[PDB]
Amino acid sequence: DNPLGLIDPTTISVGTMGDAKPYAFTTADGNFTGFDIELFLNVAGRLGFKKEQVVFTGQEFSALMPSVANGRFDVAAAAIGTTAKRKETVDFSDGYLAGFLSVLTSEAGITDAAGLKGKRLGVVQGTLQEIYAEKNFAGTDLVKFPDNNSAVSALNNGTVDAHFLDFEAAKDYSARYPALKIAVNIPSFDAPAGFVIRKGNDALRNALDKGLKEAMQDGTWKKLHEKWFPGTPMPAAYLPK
C-alpha cells in the first residue's frame, strides 16, 4: 500500500531551503520555487504525485540530512552535493547538477584564492564550501553562518571580507547587490547535486532515479536549467540521449 516507503503514502514531504536562490527559495507568497523545486515536482509527477501532494519545508542547510535520516522528511532537495561522507548518513539519487563553489566579495575586495590569506570568509555550516575552505584556505579565518542571507548581510555590513557559496546563488546575490562580485570559482564537479533520501529506501531512490532520467531524456531538465541558470553550461550527461 506504501511502495515508496513514505511517512504518509498520500503525500511526499520534502526538506529544502528558503535562501538558496535560484536552486531553492520562496516567492513573496511563501511558496517554494527554484530549479531543484521545479525539477523535483516534475520528477514527482512521474512517480504519480501531483503538485498538491508535495509539501516543502524550509530548514537551515545543516538540518536537512539529519532530518531525512531521522524520518522528518521523505526527501531533501537543496543543491545537495553527493559525497562519500554524506553517503554515510543518507542515500542519494543520481546526480542532476555539477558546478562551481564561488567566493563572493565586495567592489574593492579579494581578486584570487591567495588573496584570502588573513581574511574573514563567511561559510554556511555543513556545506561543501566549509569543507573546501578548511582544507584549501589555510590561514583564512572562517566565519560560520546558519544561512546565506546572514553571511551576505555581514559582507554588506563590512564584517566579513567575502562569502563562500554556490555559483548560481553568488550570481543572484551579485545581481541583488550590484556592488558585490565573484572573485574565485572552484570546481565541484565530483560532488553533483542529488536528492537525499533515508538510507535503505531503495524504492523511493529508484523511483526518483527513473523520473530524473525521464526528465533529462525529454528535455525537461534542459528547459528548467535554461530558465533558472541562463548562461550556465549544460553537460551532455544531463541532456537528451
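The first residue of the shown sequence is 1; numbering continues from there.
Visitor: Mind pulling up the entry and telling me whether 45-53 or 61-69 has the higher mean Cα temperature factor?
Guide: Higher of the two, by average CA B-factor, is 45-53.
Visitor: What stretch has the higher average Cα B-factor here, 227-235 or 8-16?
Guide: The recorded data point to 8-16.
Visitor: When the CA B-factors of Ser150, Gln129, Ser93, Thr83 are compared as recorded in the entry, which is the largest?
Guide: Of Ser150, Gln129, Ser93, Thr83, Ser150 has the highest C-alpha B-factor.
Visitor: According to the deposited entry, which of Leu39, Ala175, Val196, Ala193 has the largest Cα B-factor?
Guide: Top of the list by C-alpha B-factor: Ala175.
Visitor: Pull the Cα B-factor of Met216 out of the PDB entry and bin it into the chain's lowest, middle or highest third.
Guide: Answer is lowest: the recorded C-alpha B-factor places it there.
Visitor: Give the position of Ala170 by CA B-factor within its chain, expressed as the lowest, middle or highest third.
Guide: Answer is lowest: the recorded C-alpha B-factor places it there.
Visitor: Classify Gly34 as lowest, middle or highest third according to the C-alpha B-factor given in the PDB entry, relative to its own chain.
Guide: Within its chain, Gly34 is a lowest-third residue by C-alpha B-factor, going by the deposited values.
Visitor: Which third, lowest, middle or highest, does the CA B-factor of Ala138 fall in along this chain?
Guide: Highest third of the chain for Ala138's C-alpha B-factor.
Visitor: Can you tell me which third, lowest, middle or highest, the CA B-factor of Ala108 falls into for its chain?
Guide: Top third by C-alpha B-factor.
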